[PDB]
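Positions of Cβ are generated from backbone atoms using ideal geometry, with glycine treated the same way; all protein chains shown enter the neighbour counts. Rule-based calculations on the coordinates, nothing more; no lab input.
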Amino acid sequence: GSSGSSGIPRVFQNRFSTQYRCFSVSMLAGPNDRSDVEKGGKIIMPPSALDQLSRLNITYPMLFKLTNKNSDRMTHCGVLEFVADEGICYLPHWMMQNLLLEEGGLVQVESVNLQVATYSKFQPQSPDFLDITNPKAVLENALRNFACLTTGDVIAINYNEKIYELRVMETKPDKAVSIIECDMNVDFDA
């Protein structure tokens, strides 16, 4: 109920919808920096998120819709652990570079429920991956870690001590999907 509408809101029903400050994972406490986290599609939201989602009547899966209002970017990720600071959401590094955001950048978040994908096309940004004799095995072995995927999401993977840049070209049925234990077909575009 406001007179202005900067981004033309559209939230009325009962669900989680707000902005959060995107930060790096290394910023988190601890003597060393976790790398396994970056090698996947999992983030960390404040404990308050758990209490809210619990009252919003939202069950698994629980994916969010990160809509970047800086370059019309869009990426759907999934929460893993609920142990972060207030007003300081911790997210991977690949998500930051893809969105081109900055330390403490507010991004529109929405709790959306998607389904598994039937057809997902990938397009290796770097020739390193294309050089691989078995790109499917490498992409399928890393995809197991990812929980969500969007059309045009520059997702980075690591296994042989190397970060292979991979960007999705097409996905089904919709742009955002939730690959949580299922059988789909991965195509290529090169």
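Principal axis lengths of region 1-53 from Cα atoms, whole Å, largest first?
Dimensions of region 1-53 along the principal axes of its Cα atoms: 47, 24, 19 Å.
Can you show me the helix-derived [θ] at 222 nm for the chain, built from DSSP H runs with n ≥ 4 at -39,500 (n - 2.57) apiece and divided by the number of residues, rounded to the nearest 500.
Working: 4 runs with 29 residues, N = 190.
Roughly -4000 deg cm²/dmol at 222 nm, from the helical runs in the chain.
Can you pull out the trypsin sites (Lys or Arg not before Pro) in region 57-121 whose DSSP state is coil and whose Cβ has at most 14 other Cβ atoms within 10 Å? Can you show the working numbers first?
On the way: sites: 65, 69, 73, 121; in loops: 69.
Answer by residue number: 69.
State the answer as a single residue: which of 130, 83, 70 lies farthest towards the positive end of the charge dipole of the chain, with beta carbon charges of +1 for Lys and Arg and -1 for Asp and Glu, about the Cα centre.
70
Counting other Cβ atoms within 10 Å, keep those with at most 15, restrict to DSSP loop, and tell me which GluC sites (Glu not before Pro) in region 21-92 are left. Could you put the intermediate results ahead of the total?
Numbers: sites: 38, 81, 86; in loops: 38, 86.
The qualifying sites are 86.
Can you give me the long-range amide H partners of residue 149? Hydrogens built in the peptide plane at 1.01 Å from N, cutoff under 5 Å, separation of 5 or more residues or another chain.
177, 179
Determine, for each peptide in 102-111, 157-166, the mean count of other beta carbons within 10 angstrom over its residues, then list the peptides with the highest first.
102-111, 157-166
Could you tell me the distance between the Cα centroids of region 91-126 and region 26-67, to the nearest Å?
13
Would you work out the charge dipole size for the chain about its Cα centre, treating the Cβ of every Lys and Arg as +1 and the Cβ of every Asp and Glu as -1, and quote it to the nearest 20 debye?
On the way: 17 positive and 23 negative charges, 114 e Å.
Its charge dipole is roughly 540 debye.
Looking at region 1-115, send over the antiparallel percent of its DSSP beta bridges, to the nearest 5. Present the calculation step by step, with values, prior to reporting the outcome.
Details: 17 of 22 bridges.
Taking every DSSP beta bridge with both residues in region 1-115, the antiparallel ones total about 75 percent.
Positive end of the dipole of the chain, charges at C-beta (+1 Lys, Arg; -1 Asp, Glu), about the Cα centre: which of 60, 95, 7 has its Cα farthest in that direction?
7
Give me the Debye-computed log₁₀ of I(q)/I(0) at q = 0.12, 0.19, 0.21 Å⁻¹ for region 1-115, equal point scatterers on Cα only, no solvent, two decimals.
Result of the Debye calculation: -0.43, -1.07, -1.29.
Quick one: which residues, 5+ away or cross-chain, put their amide H under 5 Å from the amide H of residue 107? H built at 1.01 Å from N.
20, 22
If packing is taken as the mean number of other Cβ atoms within 10 Å per residue, what is the order of 179-186, 3-10, highest first? Spell out each step's value before the answer.
Working: 179-186: 12.1, 3-10: 7.0.
In descending order of packing, they fall as 179-186, 3-10.
Between residue 133 and residue 13, what is the spin-label point distance in nm, taking each point 7 Å from the Cα along the Cα→C-beta axis?
Going by the 7 Å Cα→Cβ label model, 5.0 nm.
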